[PDB]
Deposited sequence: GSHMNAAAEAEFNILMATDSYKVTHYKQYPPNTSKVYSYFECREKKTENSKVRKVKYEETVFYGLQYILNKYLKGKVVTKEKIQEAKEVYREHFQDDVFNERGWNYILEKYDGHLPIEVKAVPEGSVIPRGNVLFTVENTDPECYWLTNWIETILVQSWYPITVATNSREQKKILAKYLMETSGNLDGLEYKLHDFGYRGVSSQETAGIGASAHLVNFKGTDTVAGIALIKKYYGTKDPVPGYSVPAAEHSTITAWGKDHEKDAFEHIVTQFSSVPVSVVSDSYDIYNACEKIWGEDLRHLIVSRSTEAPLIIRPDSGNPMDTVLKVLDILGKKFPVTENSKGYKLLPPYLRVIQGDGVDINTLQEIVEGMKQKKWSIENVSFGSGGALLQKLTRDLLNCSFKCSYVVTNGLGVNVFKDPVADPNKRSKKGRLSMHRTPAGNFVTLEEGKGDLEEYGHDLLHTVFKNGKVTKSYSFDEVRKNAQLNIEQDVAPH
């Protein structure tokens, strides 16, 4: 079992002895601090609240375990056993805290309060920041969802430009990051964040997380298609790549099938094997079950353009209404190597210049999509901004002399829509002046209970492109 009492940065175990005496309230907030990523998708807190913070998270056994663990870790007994016993006794192990947040899936400009946390019992003033570690990890789903959405924008722009519509956009970027992430839990969280924007993933763990913590009416929230890997092709022997291809497309003749074709010579595979030897098995396929050729090495853009050139010389090519070339409906390409937000842009731009519709190619991304992202990309930060000591409110904040960018907000915060339709975070409790509309944050957690939640369908709707 997971023990929340051990799920915090070690030093926080000693903070209850560091706050000013007589502090009855500690109020903190999370934001994606201001500076390419002007707006962020707020997604993931609901997962964390439901999996780690709700219900009876404190037990006599967990308190004892934590006590022994930290005693050795610090080689001193500094663990706040009393404080946790109080929560166990008074609230049946339910956390005396209130969390307010903008709706899951919301697209909010940088520099705005996304969620706030405060203790609901004066005795638990120390709890607000104790749970910072667990809650700040929300940076990951937020960042994956945001970076994913930004790639969707790129694809939407070029697809619209070269085809005149956005049909199939939600299937243009597939999640191939399962093996490329740091753990099983991470694979699930990341895949679910990607699914906020797209439907393609090879990590079903993401689908399970979605149905368990969010819920969806969508019959197919996440999908994938049969696909070969280097092992299934190379296993046939180098001289029998053609036999591997033929066997695979024949086995999956009525469904779309992706076939990695760069095991030995991607260009020879496209021109001679697919384009000549087995061409008769491709042109006979249905628009519903195309062959998706998959290069997986070399310069991403150059390889895609050369593959398209080869395929265009071997298969009938049409020109859509926008004047861009389109491969026959039974043949497509997927580039799943070296694809990240930067190269994605380069590839579609190159395709556009060569007059190829973006309809022809879909993409896949792994580590770049779910692993090579940090809390610094969007400056995800959790900071205390208000406390009550001696019954007096105090607006707190940090403002490092050498880095003005790390200045944090002061006092009680609230977010509002402006008259022009934008967002603004009011500080120092100025939201009380009521010069703006209602605070956009809602209480989502209070005293061990999730008080407001969202289906994944609402999350996706909230995260839609404009």
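Counting from residue 1 of the deposited sequence, the stretches lacking C-alpha coordinates in this chain are 1-10, 46-55, 487-494.
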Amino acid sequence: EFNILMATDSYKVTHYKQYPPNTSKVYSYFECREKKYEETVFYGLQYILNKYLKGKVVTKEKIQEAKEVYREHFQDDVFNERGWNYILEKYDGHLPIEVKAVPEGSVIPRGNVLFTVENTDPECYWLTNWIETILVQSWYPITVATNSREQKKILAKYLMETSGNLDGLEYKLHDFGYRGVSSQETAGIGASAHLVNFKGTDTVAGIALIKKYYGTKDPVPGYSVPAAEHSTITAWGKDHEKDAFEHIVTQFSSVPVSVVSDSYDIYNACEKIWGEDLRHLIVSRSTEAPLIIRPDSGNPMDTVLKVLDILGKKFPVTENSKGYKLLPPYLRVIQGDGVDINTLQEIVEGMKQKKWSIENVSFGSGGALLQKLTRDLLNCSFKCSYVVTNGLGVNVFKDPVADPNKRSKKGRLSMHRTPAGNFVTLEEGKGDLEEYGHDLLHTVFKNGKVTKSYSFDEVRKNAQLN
From here on, numbers count along this sequence of modelled residues.
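With 367-375 and 145-153 compared on mean CA B-factor from the PDB entry, the stretch scoring higher is 367-375.
Mean CA B-factor, 351-359 versus 248-256: the higher value falls on 248-256. As recorded in the entry, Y436 carries the highest CA temperature factor of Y436, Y47, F42, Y29. Taking the deposited Cα B-factors for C380, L88, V99, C384, the highest one is held by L88. The deposited CA B-factor of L465 belongs to the highest third of values across its chain. In this PDB entry, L413 carries a Cα temperature factor that places it within the lowest third of its chain's modelled residues. Per the deposited record, the Cα B-factor of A208 falls in the highest third when ranked against the other modelled residues of its chain. In the PDB entry, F315 places in the middle third of its chain by CA B-factor. Ranked against the other modelled residues of its chain, the C-alpha B-factor of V450 as given in the entry falls in the middle third.
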